[PDB]
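Input: a single structure, listed below in structure tokens.
Just so it is clear: chains get the letters A, B, ... in the order the sequence lines come, proteins before strands, and each one is counted from 1. Just the heavy atoms: all of them, side chains too, but no hydrogens, waters or symmetry mates, feed the values below.
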Amino acid sequence: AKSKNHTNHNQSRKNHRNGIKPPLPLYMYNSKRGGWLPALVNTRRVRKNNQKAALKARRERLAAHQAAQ
Amino acid sequence: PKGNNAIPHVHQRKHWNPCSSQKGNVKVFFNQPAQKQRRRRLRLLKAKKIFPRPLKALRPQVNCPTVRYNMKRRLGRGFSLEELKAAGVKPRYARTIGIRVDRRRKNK
Amino acid sequence: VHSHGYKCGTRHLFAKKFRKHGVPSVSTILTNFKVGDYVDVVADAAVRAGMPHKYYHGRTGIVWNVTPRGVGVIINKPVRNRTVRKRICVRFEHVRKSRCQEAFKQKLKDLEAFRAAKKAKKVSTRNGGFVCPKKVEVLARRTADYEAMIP
Amino acid sequence: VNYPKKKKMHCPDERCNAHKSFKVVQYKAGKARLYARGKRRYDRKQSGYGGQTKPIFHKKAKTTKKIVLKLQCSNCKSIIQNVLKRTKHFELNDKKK
RNA sequence: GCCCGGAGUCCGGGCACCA
RNA sequence: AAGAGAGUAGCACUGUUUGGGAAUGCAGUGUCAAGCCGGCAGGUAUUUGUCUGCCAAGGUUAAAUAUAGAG
RNA sequence: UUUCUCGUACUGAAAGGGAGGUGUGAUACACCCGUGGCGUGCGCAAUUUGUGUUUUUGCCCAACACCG
RNA sequence: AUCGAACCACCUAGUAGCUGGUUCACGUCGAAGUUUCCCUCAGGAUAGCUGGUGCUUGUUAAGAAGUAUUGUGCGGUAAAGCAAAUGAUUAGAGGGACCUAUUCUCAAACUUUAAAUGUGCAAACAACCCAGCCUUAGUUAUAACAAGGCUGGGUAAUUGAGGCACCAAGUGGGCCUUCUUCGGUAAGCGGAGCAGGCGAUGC
RNA sequence: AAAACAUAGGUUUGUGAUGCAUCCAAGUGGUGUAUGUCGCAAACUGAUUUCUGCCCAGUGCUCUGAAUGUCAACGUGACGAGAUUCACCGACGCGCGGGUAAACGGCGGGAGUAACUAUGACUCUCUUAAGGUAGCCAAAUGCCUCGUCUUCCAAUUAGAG
RNA sequence: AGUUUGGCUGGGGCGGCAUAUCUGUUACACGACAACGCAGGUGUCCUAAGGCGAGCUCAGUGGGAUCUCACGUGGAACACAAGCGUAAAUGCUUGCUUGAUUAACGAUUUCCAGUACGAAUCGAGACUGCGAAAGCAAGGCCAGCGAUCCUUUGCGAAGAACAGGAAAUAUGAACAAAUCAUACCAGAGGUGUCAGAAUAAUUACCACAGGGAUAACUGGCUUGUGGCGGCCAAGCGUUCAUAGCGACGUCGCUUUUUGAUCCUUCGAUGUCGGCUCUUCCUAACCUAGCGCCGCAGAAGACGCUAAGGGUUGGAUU
RNA sequence: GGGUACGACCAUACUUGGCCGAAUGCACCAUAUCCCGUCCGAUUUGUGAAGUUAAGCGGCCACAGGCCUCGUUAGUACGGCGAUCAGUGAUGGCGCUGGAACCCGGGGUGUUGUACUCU
Ligand SMILES: [K+]
Ligand SMILES: [K+]
Ligand SMILES: [K+]
Ligand SMILES: [K+]
Ligand SMILES: [K+]
Ligand SMILES: [K+]
Ligand SMILES: [K+]
Ligand SMILES: [Mg+2]
Ligand SMILES: [Mg+2]
Ligand SMILES: [Mg+2]
Ligand SMILES: [Mg+2]
Ligand SMILES: [Mg+2]
Ligand SMILES: [Mg+2]
Ligand SMILES: [Mg+2]
Ligand SMILES: [Mg+2]
Ligand SMILES: [Mg+2]
Ligand SMILES: [Mg+2]
Ligand SMILES: [Mg+2]
Ligand SMILES: [Mg+2]
Ligand SMILES: [Mg+2]
Ligand SMILES: [Mg+2]
Ligand SMILES: [Mg+2]
Ligand SMILES: [Mg+2]
Ligand SMILES: [Mg+2]
Ligand code: NA
Ligand code: NA
Ligand code: NA
Ligand code: NA
Ligand code: NA
Ligand code: NA
Ligand code: NA
Ligand code: NA
Ligand code: NA
Ligand code: NA
Ligand code: NA
Ligand code: NA
């Protein structure tokens, strides 16, 4: 016995029950894994220097406050 | 619908259950507290009969094998022939006064 | 259900134009792309290499990767009850700079200019007023125009 | 399809890190060993009374096979295997038309 | 896939089949 | 000073059995030992040399265990 | 301190190996009251008259580093 | 009184994606007949629709919207055309064919042109603009660019709760109507697109 | 309840006993066989009368053809330290070559042509293992079909010839 | 003796492949969209028909004796089906070549569950080819192909290390020497029912669980076919379209034929014909009443109102 | 007002025919020892001006074809939403609204950057 083949009826109603969720924000999953390697490798060396400078800045800020107290 | 479950492997397809057509293959433990009482009664009765002999005969101290139990000590079956000679006791006479004797131990 | 390949409904979509055939010009070659830009994805159909799928023709997205002869763009796409952020790699010929933010940027430039001038407007037709015709015609649906609509 | 007898291909060996001349010979499958683990298991399962114990696959549909070439270098004895598309007649004449 | 025979060559033959 | 169980153990083929996998146990037929540097076992087949543990092919033996349609 | 089991460490087919921070040098050296750094972050603390700031818990994102 | 394989007891409560049944009340919510794979088509697994348990938060909007505005992209359907390419096709006129300029009538698998209804993106605080710096093994012949940071100054209507998990049910025979449509002489016929309904619901 | 089966008659096959057919799980076991070719066992046709044509390519059965090609265990030799590997030998059967249809079965097309037309004894040509012989028929076997002619009725998709 | 003897399907069977796939159209100007819908393809082929540099211009037309000049927007060619694309080229000729190799498990698109397979896009490293260079090339653009288990091939060359290290493949578990076997990584032998069982018939002697999800008979929708009628008027009728007819066209009605469908019924609605008996319809054969004729009489043709009454006996089947 | 070289947009720049052109230039032109390539110095390559503005090039013109632009076709064709609207139907108008195309008519026939350059 034959039957139905295909229909898109009721599918738009189902998709909007819980809505079409908005896309993820642009700041959420932003990793350049497969990109241009020469630029990726260079950015790592800059980031390592930024982390080292961040640690040094907190050391001087803490020492200055302790001297005042 | 199945979902994210483990694959069961329950191992119960061998007619172990007693029903109208099968005798079954089961073992229960309803006599456990009764058998505990009976064994205790026999131990007290044996002590009364053999008085004043000790309940258990003397046994040696041995080392457990393999690397997992290298450092552990327990009791062995019986004393060695070399050990009995060192203490000056005959083996057949030793069994008479309540000393267990083992003729297979090696004393390495 | 038969014959759904990579280019199914593309007879008129990837056709070039009338009297506008050819290959990309120098102005296209000299365009500069940088990460964070907005671009439109349109096919060229004279460059077979790096041509995007038919779904992404006419779509607008942001670039996340720059390569020696290619650009990577992030494009939204609704699937069932959600939109997926897709990444496509295309050649620089199938990509155009987008003007979808020039009005916004021009608004910012005007605001700072207005503040800069202040540191150193329109006529509403909605409100009423006097009207002096000096002449008044009449519309009357003459019988001549009824006779006109006869081919 | 016609193929040359020699090719100039890159050699990955440390001694010969350059383009060298390779000799082309078609690959043929070896002979089954009768003492492979799978063959020992099959012979044990097959002995007895139950008849045939495994499938035989009579429904053959393909009419060609893929071509595998073994490329043998001279100075460094390394071998490199390559695969071509399916074809019905493979020849190694190398004499250009 | 084996062993032959007749023209490395195609056929005729007796055999053998776990993707 | 001697000795300690022979169509026995082993091997080949076939069948069955086992978690036992180049073969765990057994059965049939063929073949069939050693003890003057012995034999068996040591979980991957073969040849060679060590090491470790035992000494088959005869027999008896309480207690702790079962009573799943009995007395 | 159980005599066994689950857990406090994982990784490789295997032989095997086995995870703290900061500073200074190119089984290295010296210290040990301690979040590896960045972003968004309940509550609390301190300021201005509502704003700006510190520490941020839990969680999440992206970059190090260390073990096989 | 039993025969295309007798009767009796047992294995046996044999297996059944198939047919039948399945026992108190009130309350809060509430569907699907669709996607992919399967010796699959009277059945399953998988996603969707639903319930329960929440977590993190907020008090005008955080990563809000089946809706408009402004700006900026995409398209070849209706229409139109054959006096424009491809194809079909009627008749005269000027130099039997042929040529030149016309003329009647056309196209789901023709088109120069080309709507309406549509469809991407943007319209700010995890951001922007400017100033002064830091780093790099990236670019450039080197001022200049890239990228990651640090320190000071200024910054599109109207509706309203945002985000993130875990566990699981039923369902996977549909049918009707508006408009657009394909096959068929047609059908209360077979097959699709958009929306609303019945199924599950009375008044 | 018959047109089916059986029957007398006819034909074919195997077989001289350490046999042919054949039962049983098995044995110094059992049946035709208390038998001996005018016998026993296995098929087909179906009284009498008169007959029983051609085909051995296919499948089957069979041969006192094994002549040669191919093959399994068992045997005999080699390389190797050995497991392993290789070589040679290796029966029936298959292949090859004969016989057999009262074994299963099978048994043709197309043109031209005789003093009116019509038919074609005669010719030619394709083609098989052989190309349906003696007989019989719209028959319980003929689609077309209620075939065509005679007979039987006033009239017959019926009956007979 | 045991078992099997595909699926889809306007019932099933025979047929076909709509079973894995590519182009145009259906398809309604984003994307997606079904039918045993329409027009056609695919399991191959190519050491060049792959890569690059250079030179040139094709189909065709016209004027002159294969040769020559001019025009020539592609009307040619690009292995094959179609679409798109291309003129100092993506076409043709020629020269040199092997980028159809390797490519540290880099990222992504199409199908999509945001799985795999097939195909494709953008990259980093090695060694190269063609170019004076910029540059192009890891096949021929998009269709041309394949899991687990098993079999088979390639890589783990020789040396260096007083110790397993940034550098020497691992194991065979009491230990050593040589064979053998096995693991880890990359390919190949195939499943076309193409996400991948190893597979012949018959049942009228038949069985079971079910199905009105599905055929054969009644009923329902339709009316192609069947049947019964209108409209126009070229002709036929001694001349005369219409007494009577009426071609070429066009408009309807009926459900008394046969088709098309599959709505009800498969825990059953007794399936042809004849006999008997009642009733209804009119599209009127006879009986009643009228008009008209190519109606002298007679016999008839046509038309209207009319269903009250009637409509036979036999041969073969 | 010009020329040359390198360009951007790629016909308001194209096609046919006609008329004119100071200077710097561009070009036609002369010739094969050497570099280089052909059947042929025709193309290409190397050498250098004895001539010529005939051609190429630039400017202008043509009720010329094309192309660009504005109107007209036309609120026409077609469309979204509504009706217990009209009509036997085929179809159509109405309400709130979006809105073309060909033909035809008027106008137009390149704009410009960098460097070196003659009045
Ligand atoms: K369910
Ligand atoms: K009778
Ligand atoms: K007889
Ligand atoms: K024969
Ligand atoms: K024969
Ligand atoms: K490369
Ligand atoms: K299976
Ligand atoms: Mg369905
Ligand atoms: Mg489900
Ligand atoms: Mg019972
Ligand atoms: Mg005993
Ligand atoms: Mg029920
Ligand atoms: Mg509710
Ligand atoms: Mg229901
Ligand atoms: Mg009777
Ligand atoms: Mg006859
Ligand atoms: Mg008859
Ligand atoms: Mg009669
Ligand atoms: Mg007769
Ligand atoms: Mg079927
Ligand atoms: Mg391909
Ligand atoms: Mg039905
Ligand atoms: Mg009944
Ligand atoms: Mg009844
Ligand atoms: Na287009
Ligand atoms: Na023995
Ligand atoms: Na049961
Ligand atoms: Na399958
Ligand atoms: Na049902
Ligand atoms: Na169902
Ligand atoms: Na008879
Ligand atoms: Na005859
Ligand atoms: Na008759
Ligand atoms: Na399948
Ligand atoms: Na009809
Ligand atoms: Na009709």
- Message: Check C145(H) against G138(H): Watson-Crick (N1-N3 plus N6-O4 or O6-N4) or wobble (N1-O2 and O6-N3), both under 3.5 Å. Paired or not?
- Response: yes

- Got a donor-acceptor pair under 3.5 Å from the side chain of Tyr27(A) to the base of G39(G)? no

- Task: With both distances required to be under 3.5 Å, indicate if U90(J) and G291(J) make a Watson-Crick or G-U pair.
- Result: no

- Message: Over all strands shown, is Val41(C) touching base, sugar-phosphate only, or nothing at heavy-atom distances under 4.0 angstrom?
- Response: nothing

- Query: Across the strands shown, which category fits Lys20(D) at heavy-atom distances under 4.0 angstrom: base, sugar-phosphate, nothing?
  - Reply: nothing

- For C134(H), does either OP1 or OP2 sit under 4.0 Å from a side-chain N or O belonging to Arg47(A)? no

- Message: I want to check one thing: is the phosphate of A34(J), taken as OP1 and OP2, less than 4.0 Å away from some side-chain N or O of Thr7(A)?
- Response: no

- Task: Give a yes or no on whether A77(J) and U86(J) are a Watson-Crick or wobble pair, applying the 3.5 Å threshold to both distances.
- Result: yes

- Do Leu42(B) and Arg39(B) pass the side chain to side chain contact (heavy atoms under 4.5 Å, CB included) test, and can you show the C-alpha distance, the side-chain angles, and the key distance before you say yes or no? CA-CA 5 Å; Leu42(B) 291 186; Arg39(B) 283 191 304 266; 5.9 Å; no

- Specify the residue among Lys66(D) and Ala1(A) whose closest nucleotide of RNA chain J lies further upstream toward the 5′ end. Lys66(D)

- Query: Using atom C1' of each nucleotide, how far apart are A114(H) and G87(H) to the nearest Å?
  - Reply: 23 Å

- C1' gap between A137(J) and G51(J), integer Å: 6 Å

- Message: Suppose you measure atom P in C13(F) against the same atom in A73(I); what distance do you get, rounded to whole Å?
- Response: 12 Å

- Both distances under 3.5 Å, Watson-Crick or G-U wobble: does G54(H) pair with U201(H)? no

- Query: Is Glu14(D) side chain donor-acceptor paired with the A157(J) base, going by distance under 3.5 Å alone?
  - Reply: yes

- Item | Glycosidic class, syn or anti, of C153(I) using a 90° window around 0 | syn

- Query: Does a side chain donor of either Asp110(C) or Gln106(C) reach within less than 3.5 Å of an acceptor in the other side chain?
  - Reply: yes

- Message: OP1 or OP2 of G37(G) versus the side-chain N and O atoms of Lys48(A): is any pair under 4.0 Å?
- Response: no

- Task: Answer yes or no for this row: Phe14(C) ring on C84(J) base, centroids under 5.5 Å, planes under 30°.
- Result: no

- Query: What about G192(J) and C117(J): are they a Watson-Crick or G-U wobble pair, with both distances under 3.5 Å?
  - Reply: no

- Item | Ring-on-base stacking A123(H) with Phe104(C) (under 5.5 Å, under 30°) | no

- Name the nucleic acid region contacted by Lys62(D), choosing base, sugar-phosphate or nothing; use a 4.0 angstrom heavy-atom cut-off, strictly under. base

- OP1 or OP2 of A82(J) under 4.0 Å from side-chain N/O of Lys7(C): no

- Rounding to the closest angstrom, what is the interatomic distance between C185(J) and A82(J) at atom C1'? 44 Å

- Item | Rounded distance in Å between the P positions of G139(J) and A198(J) | 35 Å

- Here the pair of heavy atoms bringing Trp36(A) nearest to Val66(C) is CB-O, 3.7 Å

- For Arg73(B), answer base if it contacts any base atom (sugar-phosphate contacts may also be present), sugar-phosphate if it contacts only those atoms, and nothing otherwise; contact means non-hydrogen atoms under 4.0 Å. nothing

- Message: By a 5.5 angstrom centroid cut-off and a 30 degree plane limit, is there stacking between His16(A) and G66(H)?
- Response: yes

